[PDB]
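Q: One line per chain: the protein sequences are K and O, in this order. The first sequence runs 8 to 157, 222 to 1209, 1233 to 1317 under PDB author numbering. Just so we're aligned, residue 686 is where the second sequence starts under PDB author numbering, counting upward by one. For every residue, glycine included, the Cβ atom is placed at its ideal position computed from N, Cα and C. Have a look at this one before I ask anything.
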Amino acid sequence: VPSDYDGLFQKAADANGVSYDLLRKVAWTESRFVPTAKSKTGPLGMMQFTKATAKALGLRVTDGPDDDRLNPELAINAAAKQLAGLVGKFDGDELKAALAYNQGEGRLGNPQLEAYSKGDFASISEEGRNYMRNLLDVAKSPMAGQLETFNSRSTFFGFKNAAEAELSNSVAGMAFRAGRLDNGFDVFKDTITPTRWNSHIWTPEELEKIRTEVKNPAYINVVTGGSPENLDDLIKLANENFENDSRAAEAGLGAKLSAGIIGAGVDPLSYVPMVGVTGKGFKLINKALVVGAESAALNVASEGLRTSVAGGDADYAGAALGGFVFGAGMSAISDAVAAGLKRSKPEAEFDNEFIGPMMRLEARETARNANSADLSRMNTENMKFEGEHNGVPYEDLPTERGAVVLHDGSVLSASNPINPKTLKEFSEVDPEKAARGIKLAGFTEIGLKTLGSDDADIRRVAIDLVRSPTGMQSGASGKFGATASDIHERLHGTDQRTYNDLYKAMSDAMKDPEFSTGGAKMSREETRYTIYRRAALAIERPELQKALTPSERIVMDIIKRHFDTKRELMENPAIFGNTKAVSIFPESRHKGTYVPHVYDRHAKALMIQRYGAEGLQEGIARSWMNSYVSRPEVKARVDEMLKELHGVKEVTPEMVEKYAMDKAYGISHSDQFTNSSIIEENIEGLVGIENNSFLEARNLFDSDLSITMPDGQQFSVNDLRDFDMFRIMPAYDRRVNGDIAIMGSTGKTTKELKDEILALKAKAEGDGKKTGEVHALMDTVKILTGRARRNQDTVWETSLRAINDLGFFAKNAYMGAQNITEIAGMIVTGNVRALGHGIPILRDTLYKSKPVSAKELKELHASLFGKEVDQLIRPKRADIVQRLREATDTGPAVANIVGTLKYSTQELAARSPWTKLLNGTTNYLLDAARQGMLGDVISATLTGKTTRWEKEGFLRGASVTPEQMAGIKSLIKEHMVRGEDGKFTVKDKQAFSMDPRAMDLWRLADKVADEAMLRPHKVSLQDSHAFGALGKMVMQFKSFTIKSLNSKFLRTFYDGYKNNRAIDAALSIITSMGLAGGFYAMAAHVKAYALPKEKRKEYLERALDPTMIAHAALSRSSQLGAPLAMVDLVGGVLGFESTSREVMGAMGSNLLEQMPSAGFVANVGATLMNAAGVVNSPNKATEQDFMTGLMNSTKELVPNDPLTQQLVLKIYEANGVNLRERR
Amino acid sequence: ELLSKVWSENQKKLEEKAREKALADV
C-alpha cells in the first residue's frame, strides 16, 4: 500500500489542516503515485495539474519551474492548501470539495457544484460522480448517504458477498446491506477536537493578564460548555470556578473520603471526573481502625510529617488521595475482572493484588493521622525473620506473594520499591544493566585497609583522605582537619539540600501559565531547559533579571547562590582544616558567578557541518573578542592576565587575539569541554581525574555577544553552551566536590595526589598487601573525584535504610514514607497489569516467561541496540531537538528563502496535533519510535537489506539527500559489528559518536519515526506489521492511547471539560511506565538467551513477573522534563553505602553547638547556604532532608493531582487487568 | 436513507413470501 510519499502527505495534511486520507486518495485517482505523469491533456505532476493552478496563488515570488516542473513537497503542500481551502469553503463537506478540485470551478465546475448543492446528482457529470464515489469512504460529507442511494465487508454470517446480498432477508442481511464501512476515523477530528483555548499560545500581554488576574492558572485549562469569546471571560470563569471549588472542598470529596475509603467500600469507578478536587481537606482518619489514640506525640520528632519544603502535608495529601482513589478503583477493577473470568471458569479464585495493600494503607494512614496504634502491623510472634538485604531483617509471607514483613510488624507488599525481597531479587536477576558501579569498596573498608599500618606514606595519605570509624590506633591528635571523606559527605549533603530547594523552585516556576495553561508551547523538558537557561543568562547578565517572573527569580537566586558558594569553596579550600590549601579555582580576579561552561556536542557538530574546524574556532574567538572590545571590564581582566602571563607591561591586540584563538581551539578541535559523559564512564588508569573539565572551560571573555559568520548568519559562543543544570549542575558538583575534598584534606591538588599515589604504587609494586592498599587508596580517589558511578539502584536501598531508621525514631514520617512507597508500588503494579493485558506484543511475547523465537531475539537485539545508539547520538539540548524537528517543515524553509519578514521557527512549524494536544505521551512515543527506527535501520544495513526508509520520499521528509543516506550506510558499516548471533556492538564508541554522519543518521531516524509512526492520526495492524520489536511496541502503545481516548469516561470527560492537559498527564505517565517495563522485558529475554538452555526457563520465570517488571518501571521510568534527577534528590554518598565512651563523647560534643542553623528557625522554601553554612553543616543527612527528598523524588512517580489518578484508573478499567492466578 | 431503502426492499420481499405462504395454506 505505501508508496514513498506518505510522510509528505502526512505533513501536508497537518499543515493546512485537511484529511490525510483525502489527499492520499486524490493522489491515488489523479496519478497512481508517479511524480511526472504523461497525460494527453498536458497536466503532468504528482497531483496532475497544470491548468492555471500551479502559478495560481502558489508562487510568483520564487524562481518557479511551475507548469514544466514542480517540487514534489511543494506540489503536495500547495495541493493540500487548495484542498483545505475548498473543504473549509464548503463548510466541512469533503465530497463537494473533491468535486470542485476534480471538475475545477467556474467554466464547468460551478454548475456541477450547484447541482450537488441541490441534491441533483444526475446533473453532475459522470466522471465527477465516479470520482466522488471512489472518494466516498475517505471523504466525510452530509451528502454521502444521498450519493450512496443514487463488498470486502467482513461477513456477518455465512459466506461472503452473495450469500448476504442476494439472500438473507433476515435483519443481518439488512445490517450488511446498510453497512458502508467508513475507514475515515480521525482521532483529533472526531475524538479530541482542538478548542480555541487549547492550541492558542499566549502573547506576552495575554501572559501578563493571566499571571496577574488568574488565581489558579490550571482552571484556564478547563472549558465547560460554550467557549468564552475573549480571554477576559475565560479569566472570569476561571476565577469563579476556583472560588467555587475552594469553597466546595470543605464538604467535597476530600472531606467525604476522609473517613473510610475502603472500610466503607467506596467505589471510585462510579465517579464524576472530580476535576476541581485537589487533595486538601483529606486527612484519612477512618473511625474504627483507631483503637488507641494519644493526642500528644511521643517525641518532638514524629509529631507531623518532617518534610522541609513549603506546601508539604498538602501535596502529600493530594498524592495520598490520588493513590487511595486509584487503589480502591483498581481493587474494584480486579474484583470485577475476577467475576467475569469466573463466569467462564467458576473454579478459579484469582488474586486481588490491590486490596491487601489498600487495606493496610488505610490502616496506616488512619493511625498516622490519629497518632496511635497502627492496626496494619502484623503479629510478629513465632517469626524467625532471617534474610537481610542491607541489614534489614524480614519474613516472607506465604499468604501474600512477595510481601515481606519488617521487624516491627510493618508489612511491605511486593512491588513496594523499598521492600528488601524485591530489591534483593531484582539485584540477583537484572537484565544487562548490572555493572561494576560502586561495589568495589567503601570508605569504611578502605579506612580499615589503609589506615591500618605498614607505611608512613600510605598511612599519611589515608589520614588525610579517609576517617577511621573505630580503630585500635584511635589517634588523639591524628588530624584537626576535615579529611577528604568528611568534606565529600558534607558537600553531598549540602548539594542534596540545595537540589531539593531547586526542585521545589523549578516546579513552581514551570507550573506558571506560560507552560501549563495555553496550547502546548514546548515539551516539559524544553520548558525546564528554557527556565534553566533564563536563570543562567540572568546570572551572567544581571539586566535580564527584571525579565524573570518571581518564580524564575527564585530559581535564579538558588542557582546563583549554589554556584557562588561552590566558587567560594574552591577559592578558599583552607576553610576546612588544612591551612596550606590554596585556590583550586582556575581564574580568580574574575569576580562574578561562574555558571559552568559546557558546550553541546551537537551544537558544535552543526557549527562544523558548515565552517568545519577553523570556521568554528574563528567564530568562537571573534565572539570572545567582541566581548573584549565591547566591555571595559573584560578588557581589564584579560589585559591583567596577559600581562601576568607574558611578563610584558603592555598588551598588543595580537596577543589577545592569539589567546582567544588558543582558548577557542579547546572547544573547536577537542571534545574535552563538551557533554562527554561516556569518557567519564570509563574509570581505568586515573587519567581523567586530573584535568577537571568544568574549571578548564573557564575563560575571561563573555560568550554573550555574537559575530556574523561568513554567510552573514549570527553566532555567539552562548549558542554552543549547554544549560539545563539537570546533567550540568550535578556533574559540575561531582567534579568540583572531588577537587575541593582533595585540596581541603591534602594541601595538594588532584594532579599532585594522583602522581604521589602512582609513585607509591611504583614503589610497592612488589608487595601484594601494599599493592592492595594502594588500590584501595586509588578507589578512594575515584570515589572522591566522582568517577565511581552509584547506579539507579542506590535510590531505593538508601530509602529502605532511611525508612528503617525512621521507623526506629520518627513514627509519623516513617508511616508517611511507607504510605508514599506503597502508593508508588500500587501505581506501578496496576500499570504493569493493565498494560500486560492491553498491549499485544507485551503479553504475547515479552511479559510471558516462555522464551521468544530466534527471529524475535534478533529483533530484540536490534531494538536494544537502537536504544543504545540513540543514547550515544541523541542531542542532549532540548532546544536543539525541538528546532531540528520544527525547522524541516516547508513553512520555515519557504520563509527563510523567499520571505521578506523574518518570522520564526516554532511560529511557522506545522506541528502534529499529537504534539499540540497530548504532548508528553507524544514525546515518549517519539523517543521510543526513533530508537526503534535506529535499530531497524542499523540491522537492515548490516544485514544488507534495503529499508522502506531508503526510498526517496521519506528521505525528502527529512533533509537526507541521496548522498547522505549512502553516507549513513557507510557509517553503520564502519562502526557497527554484526555479531555471530543477532547481537550488535559498536567499534570505538567515541569515534562513532564523533562522526558527522551520526547526526544525519539520527535526523533520518527521528524524522522517519515522526512522519511514519507518530504523525498519523490512525493506528492499524498493518502499521504495526512494518516496524520491529520496539516499533511494534510503540505503535501498540499509540493504539492503546487512541483506545483510551475513545473510552466512555475519557470521551465524556473531554466533552465536559476539554482539558487535554489532564489526559496528557495520565497517558504520559502510563506510557512512561509501560515503555520502562517493555524495555526491561526485552533485555530480560536477551539475557535469558545469554544463559544456557536449562537455566533459561527458570531465569525467565524468576525475572519476568509483575513484581520485577513493576520494580523496573519505577526504577527506569524516563521522567523527561524532571527538574534534576531522581537520584540527586535522594542519593547515598558514594563511598558510604553502609562502647558508651564514644557515645558520651558525641553527646558532650553536640551539647555546645551554636551555629546559626541551630540558633535560628529554618527558612521557609530556600536554605540559600553560603560557605559558612556549608562548612558548619553536619556530614550526616538529617531526617528532614531525607524525607523532603523522598517526597520530591516520588512527586514524579506518584502524581499530586487526584484527577490524573482517576483518569489513569478509568483508562485501566476500560483496558482490563490480568488478575494473576490460583493462590 | 440507506436504512429506509434497505428495510423497505427487505419488507417487500418478506411480504411477498408471506403472501405466497398464506395463499398456499388456503
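Does DSSP put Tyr1151(K) in a helix, a strand or coil?
A: Indexing the first sequence from 1 puts residue 1151(K) at position 1080. Reduced to three states, the DSSP call for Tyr1151(K) is helix.
Q: Tell me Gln1061(K)'s beta-bridge partners as DSSP assigns them.
A: Position 990 of the first sequence, counting from 1, holds the residue named residue 1061(K). DSSP lists no partner for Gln1061(K).
Q: Does the count of Cβ pairs from the segment 96 to 103 of chain K and the segment 59 to 77 of chain K closer than 8 Å reach three?
A: With the cut-off at 8 Å, the segment 96 to 103 of chain K and the segment 59 to 77 of chain K do not touch.
Q: Which of the three DSSP states is assigned to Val476(K) in this structure?
A: Residue 476(K) sits at position 405 when you count from the first residue of the first sequence. In the structure shown, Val476(K) sits in a strand (DSSP, three-state: E or B).
Q: Output, in chain order, the set of chain K residues within a Cβ distance shorter than 8 Å of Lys690(O).
A: As a position in the second sequence, residue 690(O) is number 5, starting the count at 1. By Cβ distance, chain K contributes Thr156.
Q: Evaluate contact between the segment 1245 to 1262 of chain K and the segment 898 to 907 of chain K, counting only Cβ atoms and requiring at least three cross-stretch pairs below 8 Å.
A: With a cut-off of 8 Å, the segment 898 to 907 of chain K and the segment 1245 to 1262 of chain K do not count as touching, because too few Cβ pairs lie within range.
Q: Our contact map puts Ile558(K) next to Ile811(K) with C-beta atoms below 8 Å; I'd like the distance itself, whole angstroms only.
A: As a position in the first sequence, residue 558(K) is number 487, starting the count at 1. As a position in the first sequence, residue 811(K) is number 740, starting the count at 1. About 6 Å; that satisfies the 8 Å criterion.
Q: Could you check the C-alpha separation between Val866(K) and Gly1145(K) for me, to the nearest Å?
A: Locating residue 866(K) in the first sequence gives position 795, counting from the first residue. Locating residue 1145(K) in the first sequence gives position 1074, counting from the first residue. Looking at the two C-alpha atoms, the distance is approximately 21 Å.
Q: On the criterion of 16 or more Cβ atoms from any shown chain inside 10 Å, does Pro417(K) qualify as buried, or is it exposed?
A: Counting from 1 along the first sequence, the entry for residue 417(K) is found at position 346. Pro417(K) is exposed by the Cβ-count criterion.
Q: Would a C-beta distance cut-off of 8 Å place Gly759(K) and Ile750(K) closer than the cut-off?
A: Taking the first residue of the first sequence as 1, we reach residue 759(K) at position 688. Taking the first residue of the first sequence as 1, we reach residue 750(K) at position 679. Yes. Within cutoff.
Q: Nearest CA to the CA of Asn697(K): which residue from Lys280(K), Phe786(K) and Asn571(K)?
A: Start at 1 with the first residue of the first sequence, and residue 697(K) comes out as number 626. Selected option, being the one with the closest Cα: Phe786(K).
Q: Examine chain K for any beta-carbon lying closer than 8 Å to the beta-carbon of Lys706(O), and answer yes or no.
A: If you number the second sequence from 1, residue 706(O) lands on position 21. Output row for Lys706(O): interface = no.
Q: According to DSSP, is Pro922(K) part of a helix, a strand, or is it coil?
A: As a first step, residue 922(K) must be located in the first sequence, where it is residue number 851. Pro922(K) falls in the coil class under three-state DSSP.
Q: Using the C-alpha atoms, what's the distance from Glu823(K) back to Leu829(K)?
A: Locating residue 829(K) in the first sequence gives position 758, where the first residue counts as 1. Locating residue 823(K) in the first sequence gives position 752, where the first residue counts as 1. Those two C-alpha atoms are separated by around 10 Å.
Q: Rounding to the nearest angstrom, what Cα-Cα distance links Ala63(K) and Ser1030(K) in this structure?
A: Stepping through the first sequence from its first residue, residue 63(K) is reached at position 56. Stepping through the first sequence from its first residue, residue 1030(K) is reached at position 959. One C-alpha to the other measures close to 28 Å.
Q: DSSP state of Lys947(K), grouped into three classes?
A: Within the first sequence, numbered from 1, the residue matching residue 947(K) stands at position 876. Coil at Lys947(K), not helix or strand.
Q: Which of the three DSSP states is assigned to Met1047(K) in this structure?
A: Counting from 1 along the first sequence, the entry for residue 1047(K) is found at position 976. Strand.
Q: Can you give me the start and stop residues for the beta strand (DSSP E) that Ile778(K) sits inside?
A: The count along the first sequence starts at 1 and reaches residue 778(K) at position 707. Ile778(K) -> beta strand (DSSP E) spans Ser777 to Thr779.
Q: Below 8 Å on the Cβ atoms is my contact criterion, and I expect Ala1137(K) with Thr1298(K) to pass it. Report the Cβ-Cβ distance as a whole number of Å.
A: If you number the first sequence from 1, residue 1137(K) lands on position 1066. If you number the first sequence from 1, residue 1298(K) lands on position 1204. Correct: roughly 5 Å between the Cβ atoms.
Q: Determine, using beta-carbon pairs with one atom in the segment 780 to 798 of chain K and one in the segment 1188 to 1203 of chain K, whether at least three such pairs fall under 8 Å.
A: Flag = yes, the segment 780 to 798 of chain K and the segment 1188 to 1203 of chain K touch.
Q: Please list the terminal residues of the continuous alpha helix (DSSP H) segment that includes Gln1093(K).
A: Along the first sequence, one-based indexing puts residue 1093(K) at 1022. It spans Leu1092 to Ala1097 - the alpha helix (DSSP H) in which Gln1093(K) sits, taken as one unbroken run.
Q: Output the boundary residues of the beta strand (DSSP E) element that contains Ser787(K).
A: Residue numbering aside, residue 787(K) sits at position 716 when the first sequence is read from its first letter. It spans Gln785 to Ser787 - the beta strand (DSSP E) in which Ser787(K) sits, taken as one unbroken run.
Q: Any C-beta of chain K sitting closer than 8 Å to the C-beta of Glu700(O)?
A: Here residue 700(O) is taken as the residue at index 15 of the second sequence, counted from 1. No, no contact with chain K.
Q: Of all the alpha helix (DSSP H) runs that stay within the bounds of the segment 610 to 647 of chain K, which reach a length of 4 or more residues?
A: List check, alpha helix (DSSP H) in window: 621 to 642.
Q: Does the distance from the CB of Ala958(K) to the CB of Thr976(K) come in under 8 Å?
A: Here residue 958(K) refers to the residue found at position 887 when the first sequence is read from its first residue. Here residue 976(K) refers to the residue found at position 905 when the first sequence is read from its first residue. Yes, Cβ-Cβ distance for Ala958(K) and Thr976(K) is below 8 Å.
Q: So is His717(K) buried or exposed if we call it buried at 16+ other beta carbons inside 10 Å?
A: Position 646 of the first sequence holds residue 717(K). With fewer than 16 Cβ atoms within 10 Å of its Cβ, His717(K) is classed as exposed.
Q: So which of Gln89(K), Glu134(K) and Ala151(K) has the shortest CA-CA distance to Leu687(O)?
A: What you label residue 687(O) is simply residue 2 of the second sequence in a count that begins at 1. If we check each option's Cα against that of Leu687(O), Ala151(K) comes out closest.
Q: Please go through the same chain and pick out, in chain order, the residues whose beta-carbon is closer than 6 Å to the beta-carbon of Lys832(K), but skip the five residues on each side of it.
A: Taking the first residue of the first sequence as 1, we reach residue 832(K) at position 761. If we look at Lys832(K) and ignore the five residues flanking it on each side, its Cβ neighbours are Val845.
Q: Can you find the residues in the same chain that come closer than 6 Å, C-beta to C-beta, to residue 209(K), ignoring five residues on each side of it along the sequence?
A: No atoms are given for residue 209(K), which sits in the stretch of chain K between 157 and 222 that the model skips.
Q: Name the two residues that bound the continuous alpha helix (DSSP H) containing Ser698(K).
A: Residue mapping note: residue 698(K) aligns to position 627 of the first sequence, counting from 1. Note, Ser698(K): alpha helix (DSSP H), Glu685 to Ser701.
Q: What are the start and end residues of the alpha helix (DSSP H) that includes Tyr665(K)?
A: Your numbering for residue 665(K) matches position 594 in the first sequence. Taken as a continuous stretch (DSSP letters only), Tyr665(K) belongs to no alpha helix (DSSP H), as it is neither H nor E.
Q: Let me make sure I understand the geometry here. Which of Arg914(K), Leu871(K) and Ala949(K) has the alpha-carbon closest to that of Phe1280(K)?
A: The residue labelled residue 1280(K) in the question sits at position 1186 within the first sequence. Comparing Cα-Cα distances from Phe1280(K) to each of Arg914(K), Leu871(K) and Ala949(K), the minimum goes to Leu871(K).
Q: Name the two residues that bound the continuous alpha helix (DSSP H) containing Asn440(K).
A: Within the first sequence, numbered from 1, the residue matching residue 440(K) stands at position 369. Counting along the chain, the alpha helix (DSSP H) containing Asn440(K) begins and ends at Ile426 to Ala441.
Q: Quick one: what does DSSP say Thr745(K) is sitting in, helix, strand or coil?
A: Here residue 745(K) refers to the residue found at position 674 when the first sequence is read from its first residue. Here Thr745(K) sits in strand by DSSP.
Q: Would you mind reading off the limits of the alpha helix (DSSP H) that contains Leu562(K)?
A: Taking the first sequence and counting its residues from 1, the one referred to as residue 562(K) is at position 491. Segment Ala555 to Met581, the alpha helix (DSSP H) holding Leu562(K).
Q: Have a look at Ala22(K) and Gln1002(K) and give me their C-alpha separation to the nearest angstrom.
A: Taking the first residue of the first sequence as position 1, residue 22(K) is located at position 15. Taking the first residue of the first sequence as position 1, residue 1002(K) is located at position 931. Rounded to whole angstroms, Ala22(K) to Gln1002(K) spans 26 Å at the Cα level.
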